[PDB]
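Sequence lines set the chain letters: A, B, ... in the order given, protein chains first and strands last, and positions in each chain run from 1.
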Amino acid sequence: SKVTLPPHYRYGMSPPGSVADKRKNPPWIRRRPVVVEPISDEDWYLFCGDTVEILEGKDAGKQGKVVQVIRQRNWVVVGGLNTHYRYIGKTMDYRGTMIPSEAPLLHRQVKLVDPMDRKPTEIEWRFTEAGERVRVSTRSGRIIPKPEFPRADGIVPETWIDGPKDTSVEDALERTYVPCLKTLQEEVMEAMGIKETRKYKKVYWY
Amino acid sequence: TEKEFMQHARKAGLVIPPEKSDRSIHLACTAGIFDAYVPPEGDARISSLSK
Amino acid sequence: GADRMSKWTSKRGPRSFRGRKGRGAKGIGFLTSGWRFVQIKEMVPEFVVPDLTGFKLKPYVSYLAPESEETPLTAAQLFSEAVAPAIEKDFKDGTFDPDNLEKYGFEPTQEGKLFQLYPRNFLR
Amino acid sequence: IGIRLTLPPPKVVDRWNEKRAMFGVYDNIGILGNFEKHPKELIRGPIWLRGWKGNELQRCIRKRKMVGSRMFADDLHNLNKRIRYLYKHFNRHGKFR
Amino acid sequence: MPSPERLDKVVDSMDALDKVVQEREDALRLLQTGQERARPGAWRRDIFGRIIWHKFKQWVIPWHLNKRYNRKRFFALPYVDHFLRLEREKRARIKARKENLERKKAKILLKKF
Amino acid sequence: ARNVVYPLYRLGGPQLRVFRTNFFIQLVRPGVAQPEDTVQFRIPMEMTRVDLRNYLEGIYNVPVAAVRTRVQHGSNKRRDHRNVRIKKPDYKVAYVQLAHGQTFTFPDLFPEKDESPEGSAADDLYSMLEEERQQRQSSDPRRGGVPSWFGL
Amino acid sequence: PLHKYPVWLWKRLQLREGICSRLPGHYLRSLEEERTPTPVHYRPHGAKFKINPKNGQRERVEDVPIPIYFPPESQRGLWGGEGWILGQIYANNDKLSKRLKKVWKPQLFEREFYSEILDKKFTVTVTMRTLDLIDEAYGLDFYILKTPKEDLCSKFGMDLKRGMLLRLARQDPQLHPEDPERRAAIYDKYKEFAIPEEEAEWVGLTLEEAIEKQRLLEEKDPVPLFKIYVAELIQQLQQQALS
RNA sequence: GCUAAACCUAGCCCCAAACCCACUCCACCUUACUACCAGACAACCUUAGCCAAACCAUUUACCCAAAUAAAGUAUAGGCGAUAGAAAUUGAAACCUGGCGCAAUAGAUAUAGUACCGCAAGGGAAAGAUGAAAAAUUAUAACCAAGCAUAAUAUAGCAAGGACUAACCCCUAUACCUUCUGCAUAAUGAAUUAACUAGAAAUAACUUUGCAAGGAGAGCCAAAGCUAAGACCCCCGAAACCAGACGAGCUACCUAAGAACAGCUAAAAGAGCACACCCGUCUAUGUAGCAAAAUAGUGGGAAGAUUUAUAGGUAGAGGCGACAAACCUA
RNA sequence: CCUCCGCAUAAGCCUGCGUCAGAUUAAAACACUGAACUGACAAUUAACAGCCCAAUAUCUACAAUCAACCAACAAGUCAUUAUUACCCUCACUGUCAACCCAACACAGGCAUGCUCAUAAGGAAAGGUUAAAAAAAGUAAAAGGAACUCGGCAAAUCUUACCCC
RNA sequence: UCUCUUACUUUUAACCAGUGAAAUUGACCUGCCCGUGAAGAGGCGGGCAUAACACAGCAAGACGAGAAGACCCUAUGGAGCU
Ligand SMILES: [Mg+2]
Ligand SMILES: [Mg+2]
Ligand SMILES: [Mg+2]
Ligand SMILES: [Mg+2]
Ligand SMILES: [Mg+2]
Ligand SMILES: [Mg+2]
Ligand SMILES: [Mg+2]
Ligand SMILES: [Mg+2]
Ligand SMILES: [Mg+2]
Ligand SMILES: [Mg+2]
Ligand SMILES: [Mg+2]
Ligand SMILES: [Mg+2]
Ligand SMILES: [Mg+2]
Ligand SMILES: [Mg+2]
Ligand SMILES: [Mg+2]
Ligand SMILES: [Mg+2]
Ligand SMILES: [Mg+2]
Ligand SMILES: [Mg+2]
Ligand SMILES: [Mg+2]
Ligand SMILES: [Mg+2]
Ligand SMILES: [Mg+2]
Ligand SMILES: [Mg+2]
Ligand SMILES: [Mg+2]
Ligand SMILES: [Mg+2]
Ligand SMILES: [Mg+2]
Ligand SMILES: [Mg+2]
Ligand SMILES: [Mg+2]
Ligand SMILES: [Mg+2]
Ligand SMILES: [Mg+2]
Ligand SMILES: [Mg+2]
Ligand SMILES: [Mg+2]
Ligand SMILES: [Mg+2]
Ligand SMILES: [Mg+2]
Ligand SMILES: [Mg+2]
Ligand SMILES: [Mg+2]
Ligand SMILES: [Mg+2]
Ligand SMILES: [Mg+2]
């Protein structure tokens, strides 16, 4: 879960902890770094779940939904559009099951699309005076919403039931704390009725 | 006098994306036929207009 | 030669070196004239385990619980929620006297009691 | 084998750079600025050689004179040894004495 | 392992509980004695001339007749000052290399974009 | 507790008490045959026999009759690709003997699984793979290599 | 690369950086005094200029001192401004003979002294030069109070000086009760002295002693936050009530 | 067609600017990385030598104030190699670069790691796809030595003149260095790739500028002065000195241990003779099993014996039943 | 068939022929699969051995050698008492291996106890042939040092003299 | 030991299989006699000889390999000792 990557490590469409990534980039590997455009956290507009337009490539002018975002290489994978074909089930006597597989796209290769007219548009991050902070289109001036995407938790909160080891909301939020000038040790000692009468004595710290 | 060989390679694909991922492989086709169309046994004999 | 990089442990020296090094366990007594080890009951950490029969708090939480803005507890917040109401009441009543802060929870010296805070008498 | 098998990437040069287009400007500033400034004062570089050409032994001696008090210890040891060696070479060795 | 993330969840939950207990204890100690670092210590300067934070060790006899303690030397004997300067210069060299490399990388990035 | 400073005990002083212990132990399956009352644990280095006995009888209420301990040396033989030795951690194992005649056999956790629920993320692609394999294995030696695709 | 400051300025930079920067100003100035000691083992030039032989030309001359070496026995005792001379000689005072490393040591004597300000008898390892200096100064007290640090060349002498200066500044019951007029007479024998009390403490203190004194001066164990918070809250309550 | 070849970029260098660092918990001066006990010892000190003087014996730049100039002047000095001031003068606050290197280069550095050494200490090597490897596809080949495809043909520095023909015919004593003189049987070299060796003044010469004046203060000047160009190598001792590190080998010693069968026992620094210590002679070995061994044969084997452990003496020294012995091959 | 070995302890070393998988590759001086290996998993459990002791005074002439006669010199390896203080107890560490020092899976070096040929532990020959030269042995007619610098070596058991 | 050597065994050896070094090497299409010549020739002159190519031996030559001769001399090069 906590693995540190080498200073010049290639992000390669597979998670760093994956077996395929371990095969591709063993610790012995050293290769020339790919240099990417520096983009801050406050101007990256396209998020995982919105519809983008491919400006050029093998298919130019077709609309698609991003399925994965790799911020370490300015990559957005569009669902089944900028694809090349490969086999997955491989044996020494029979191989087949040719599938389409997407190739990553740089962020200049795609543009955001607004739901009114379904056209490519540029986005500027205009800070709303209501408190929240969202994107705004340039040509027409609409609020393009952050798309709803399933979270990385792999769960849906509405169809969630408490397990035998999950504490319920009521007794997990019920406030039993009363602030006091006593330590946890004193509180547990007195609560469990442990009587200590002999005193701790002077000790030399140095 | 201390050097070995390298390039341990495996030449078989596997099912590693379903092992852990938040994106899926986007398919374009199906496995077989929803229901096989049985042709008439005497289709060659009935290759005319109609009977 | 000898292994400089390996960590020096209790398995490595002669017979005298073995048994003197140790592995980090804390002593619970002393050695007497006949090499007999005297254990001290008070030097052995006694585990303070509570009762969990009627305890309704599981080691996990429900996802239906709602988030909250974090706020690390500070000495100012603890004072405000611990002594401020009582001292406000006994100042409004006019009984607050600045000399004796003891009855508000303060104590001048920390030597007198058993769990002293600055030198950290207790264990954990 | 010594030659590369491919042609090196084509190296484009912008001749109308800011620096290339403004090169030489404010030279002759003493000649046609009433000699308030010398062209040698337009030079940027080390403190011990601005407006000064010098030999290699001369350069080492000047560097140790002007900036050798705030030098690193190993660098100053190297400078002292270099000055010693250069003294010996330029004063005892070679043709033409 | 069936669901390894359970171990991580438990570990971080206990870490949060320890954080909460430590925060309450720290606030109480600050309120009552105005101190942090509930282990007493002192800024000292060891035999190699470095500045260390020496933590105390709760002995039973005073330090002036503690025989083992009086064998440690918390002072310089300044044959170490040249080594101190050499370490300082090594640190300066490493820092200068780092800054220069940052400059070069920025220049390359701007050169392309 | 571990990685903590113990208060120094002085004669006549209070009892040393730990309220939130820092010791975590593993109940390991023995690699050899052991008596029926012997339970094998893997405990931290700083834990002692008295510590483990009190741990077991205070947290799990397990009656303990005997405790023995030893230190297993982890291997320092594996070399990194840079020829740097990789050290497996040394650990401590404890053999506890139960008190009142109780016996303990290590459970068999992993057997047995029997589940056939509906799936879409991986089972659909498995149905893909299986159906393609079952439909595309119709080669014929009588043909000698000519592709069996064209109707002609 | 290069250091921002030359290596010989580093001591001054440390002096203005930390607790040395919090040391008292007069002590710091006395530390930075850098005044030259009187010639002892060499004869000074009488004049800045001198007309030399071999040409009737006036040439500027400067007197350079000898690097005399002081063993710690000197710090324990009261020598003059003189110590060990670690030099070299030629075999028969001719430069074409061997060069031999020579050491010249002072002739030391053990003698007893009385301090009128301290009212105490000290035994010190002394030499003829400082005996003569005491004779010229008319008393050990006068010699110690008149001679500067660059000339006493002894931590013992500087400690004696600080003791007498503190005695004079305090005007304390020096001799004993029942002799107030004798005490006053001894005090008035040295009116041209007695710098202020807070200044006489830092006299004859090395840098380490000064830093240690200043560190024990600012010990000031921390005050509980309880007092600060209660004071703030009561001031807030008074402010809100008076409105 | 194998082995191979090729590649840019990790980083580095020199400047400028700016004064820079360091307690999460625990452990760490004892045998460091060790939870817990009664003699409290303590640092302050002129480098030397190589080298130059063509030997060497006084002497021989090297030190920590911005520049420049006075000036290489006054002075010093086996008055000689060389050493060398000062008075005085005056020294314009701000700008993020490169006619630097690009994997044998540039830092030793992927690292002070691996490895070597008891220790102080020494100290490496190396990587290259592509947008995507969640594209393993088919291309991309072409290029050093070494080989293979494909051994050989009377005769001869390997070739040249040729010729219808490869050879046969005719002519021809490798190269470098060193020397009076080398085919010399004098040196060096298997071969390929990469790396690998001429640094500067006085005064002259040429080419400009200005000209009894030149020069952007100082300096020179009876055509001079100012500016430029052009110009003086690489590897190698045995040595000497300073400061550390070494007595786990060995020399001697100190403390506290251990071993010595059997026979003759004269009583024993006695005899035969094991274990054990040593190493007389022979043979083998000589890049060996071994940087001193093996087999046999030998000297001793209750003593001035052998031997385990810990400690001590160290290089201008230690130790020595003096072999100029030994002090980590 | 060999055993001049072996089993323990000390010292040293530090997981270094236990299991499973890869053995397509990789070290095996070749191989099977395991001493010249890769990854994972597993193990050495204290009674043996280390790790000791409250002070202040005071005491301590008579070796050992079956310790008995006898006999020595080099003259030796072991002991308390008096008063005060003191009523808790079984912690911690070593425990594996075919192993250490010699660059090596090196005919070398390596303390002590135990049986001194074993109940331990091991294998000189990859296969063939039967040249020379070489190494190690065995046997040899007649002669018996004629060899050689020299009875070196070998075989037999050996007298007398001289120098130091 | 020798006159005066012989026979056998083991190792080595030679062949087959596996694994697999080092010193050395200007290039070599690398003969003999006489003569010559930096004075001792495979390579030069005059003669003679002469299809090609493995394997086992031997040690006359390749002024054979190894070690920038230790003997001798020289150096205004060292060091130990008296
Ligand atoms: Mg000379
Ligand atoms: Mg010379
Ligand atoms: Mg000489
Ligand atoms: Mg001046
Ligand atoms: Mg490099
Ligand atoms: Mg390097
Ligand atoms: Mg080729
Ligand atoms: Mg011909
Ligand atoms: Mg000659
Ligand atoms: Mg010739
Ligand atoms: Mg030649
Ligand atoms: Mg020669
Ligand atoms: Mg050669
Ligand atoms: Mg010499
Ligand atoms: Mg000498
Ligand atoms: Mg020894
Ligand atoms: Mg004898
Ligand atoms: Mg004998
Ligand atoms: Mg002799
Ligand atoms: Mg001799
Ligand atoms: Mg065992
Ligand atoms: Mg060896
Ligand atoms: Mg057996
Ligand atoms: Mg065999
Ligand atoms: Mg055979
Ligand atoms: Mg054989
Ligand atoms: Mg016979
Ligand atoms: Mg004869
Ligand atoms: Mg004869
Ligand atoms: Mg014989
Ligand atoms: Mg063979
Ligand atoms: Mg001839
Ligand atoms: Mg042959
Ligand atoms: Mg030849
Ligand atoms: Mg030869
Ligand atoms: Mg030579
Ligand atoms: Mg000469």
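- No hydrogens or angles were tested; on distance alone, a donor-acceptor pair under 3.5 Å links the side chain of E/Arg88 to the base of H/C20.
- Applying the side-chain hydrogen bond (donor to acceptor under 3.5 Å, both in side chains) rule to pairs touching residues 9-31 of chain C yields C/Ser6-C/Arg12, C/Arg23-F/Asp90, sequence neighbours excluded.
- In this structure, of H/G216, I/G50, H/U75, it is H/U75 that holds the atom nearest to the side chain of G/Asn55.
- Checked against H/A114, H/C23, H/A43, the side chain of E/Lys55 finds its nearest nucleotide in H/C23.
- With distances taken from any side-chain atom of F/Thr48 to the nucleotides H/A6, I/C92, H/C28, the minimum falls on I/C92.
- Checked against side chain to side chain donor-acceptor pair (under 3.5 Å), A/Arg32 has no partners two or more places apart in sequence or in another chain.
- Taking the 5.5 Å centre cut-off and the 30° plane limit, the aromatic side chain of C/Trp35 is classed as stacked on I/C52.
- Residue E/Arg37 places none of its side-chain N or O atoms closer than 4.0 Å to OP1 or OP2 of H/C23.
- Listed candidates were H/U82, H/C64, H/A48. Nearest to the side chain of G/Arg99 is H/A48.
- Between J/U3 and I/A142, a Watson-Crick or G-U wobble pair is formed, both defining distances falling under 3.5 Å.
- Taking a 6.0 Å sphere around NE2 of D/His77, one finds it holds 12 or fewer heavy atoms contributed by other residues, nucleotides or ligands.
- Using P as the reference atom, H/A57 and H/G123 are 34 Å apart when rounded to the nearest Å.
- Checked by distance alone, E/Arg91 brings a side-chain donor or acceptor within 3.5 Å of a matching partner on the base of H/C21.
- From G/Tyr90, atom OH reaches atom NZ of G/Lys95 across 6.0 Å, with rounding to the nearest 0.5 Å.
- Atoms CH2 (G/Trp10) and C1' (H/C19) sit 9 Å apart, rounded to a whole Å.
- H/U139 and H/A105 are not base-paired: they meet neither the Watson-Crick nor the G-U wobble geometry with both distances under 3.5 Å.
- Looking only at atom types and distance, the side chain of G/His3 has a donor-acceptor partner in the side chain of E/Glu89 under 3.5 Å away.
- Distances shown here put a side-chain N or O of F/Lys88 below 4.0 Å from the OP1 or OP2 atom of I/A40.
- Applying the side-chain hydrogen bond (donor to acceptor under 3.5 Å, both in side chains) rule to pairs touching residues 72-84 of chain F yields F/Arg70-F/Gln72, F/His73-F/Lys87, F/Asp80-F/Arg82, sequence neighbours excluded.
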Hey, what are the protein-to-nucleotides 14-17 of chain H N/O distances that come in under 3.5 Å?
unit_1: H/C14; atom_1: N4; unit_2: E/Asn100; atom_2: OD1; d: 3.2
unit_1: H/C15; atom_1: OP1; unit_2: D/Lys63; atom_2: NZ; d: 3.1

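- If you measure from atom CD of D/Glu56 to atom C1' of H/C231, you get 16 Å, rounded to the nearest angstrom.
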Reading nucleotides 232-246 of chain H 5' to 3', which nucleotides get B (base under 4.0 Å from a protein heavy atom), which S (sugar-phosphate only), which -? BSS------------
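- Taken together, H/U173 and J/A41 qualify as a Watson-Crick or G-U wobble pair under the 3.5 Å criterion applied to both distances.
- Listed by first and then second residue, the side-chain hydrogen bond (donor to acceptor under 3.5 Å, both in side chains) pairs that reach into residues 79-97 of chain D are D/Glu56-D/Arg82, D/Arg64-D/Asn80, sequence neighbours excluded.
- Counting any heavy atom pair closer than 4.0 Å across all strands shown, B/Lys3 reaches no nucleic acid atom.
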Using a 4.0 Å heavy-atom cut-off to protein, can you give one letter per nucleotide of nucleotides 120-133 of chain H, 5' to 3': B if the base is in contact, S if only the sugar-phosphate is, - if neither? S------BBBBBBS
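- H/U68 atom P lies 11 Å from atom CD of D/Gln58, rounded to whole Å.
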Using atom names, set out every protein N or O paired with an N or O of nucleotides 53-55 of chain I below 3.5 Å, distance rounded to 0.1 Å.
none

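- Applying the salt bridge (charged side-chain N to carboxylate O under 4.0 Å, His left out) criterion to E/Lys98, with sequence neighbours excluded, gives E/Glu102.
- Note: CD1 (D/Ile1) to P (H/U3) measures 13 Å, nearest angstrom.
- A straight line from CD of G/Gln14 to P of H/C21 spans 13 Å, rounded to a whole angstrom.
- Note: OH (E/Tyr69) to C1' (H/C28) measures 15 Å, nearest angstrom.
- In this structure, CZ of D/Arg84 is placed 13 Å from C1' of H/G49, rounded to the nearest angstrom.
- By the Watson-Crick or G-U wobble test, with both distances required under 3.5 Å, I/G6 and I/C114 count as a base pair.
- The side chain of E/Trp43 lies closest to H/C23 when the candidates are H/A199, H/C23, H/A43.
- H/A76 and H/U82 are base-paired, meeting the Watson-Crick or G-U wobble geometry with both donor-acceptor distances under 3.5 Å.
- When the side chain to side chain donor-acceptor pair (under 3.5 Å) test is applied to E/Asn66, the partners found at least two apart in sequence or on another chain are A/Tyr206.
- One interatomic measurement links the two molecules: CZ of C/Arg20 to P of H/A35, which rounds to 14 Å at whole-angstrom precision.
- Taking the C1' atom of each, H/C176 and H/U152 are spaced 35 Å apart, rounded to whole Å.
- Put simply, G/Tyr5 does not rest on the base of H/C19: the two rings are not both less than 5.5 Å apart at their centres and under 30° in tilt.
- A canonical Watson-Crick pair (purine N1 to pyrimidine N3 plus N6-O4 or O6-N4) or a G-U wobble (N1-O2 and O6-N3), each contact under 3.5 Å, is absent between H/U129 and H/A275.
- With P as the reference atom, H/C241 and H/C56 are 15 Å apart, rounded to whole Å.
- The base of I/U45 is paired with the side chain of F/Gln34 by a donor and an acceptor separated by under 3.5 Å.
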Could you pull out the protein-nucleic contacts involving nucleotides 95-106 of chain I (nitrogen or oxygen on both sides, under 3.5 Å)?
unit_1: I/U95; atom_1: OP2; unit_2: C/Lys11; atom_2: NZ; d: 2.6

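- Legend: residues meeting side chain to side chain contact (heavy atoms under 4.5 Å, CB included) with E/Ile108, ordered by chain and number and at least two apart, are E/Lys111.
- Here the side chain of C/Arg23 is nearest to one of I/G94, H/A10, H/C33, namely I/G94.
- Distances were taken from every side-chain heavy atom of E/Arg68 (C-beta onward) to each of I/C92, H/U30, H/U46; the shortest belongs to H/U30.
- With respect to G/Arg60 and G/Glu62, a salt bridge is recorded, a charged nitrogen being found less than 4.0 Å from a carboxylate O.
- Minimum atom distance to the side chain of C/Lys21 is reached by H/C33, of the listed H/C33, H/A6, I/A40.
- For H/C37, the base is not stacked against the aromatic ring of E/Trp59, per a cut-off of 5.5 Å between centres and 30° between planes.
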Derivation and outcome, side chain to side chain contact (heavy atoms under 4.5 Å, CB included), residues C/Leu123 and F/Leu16: CA-CA 8 Å; C/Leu123 189 43; F/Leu16 166 65; 3.8 Å; yes
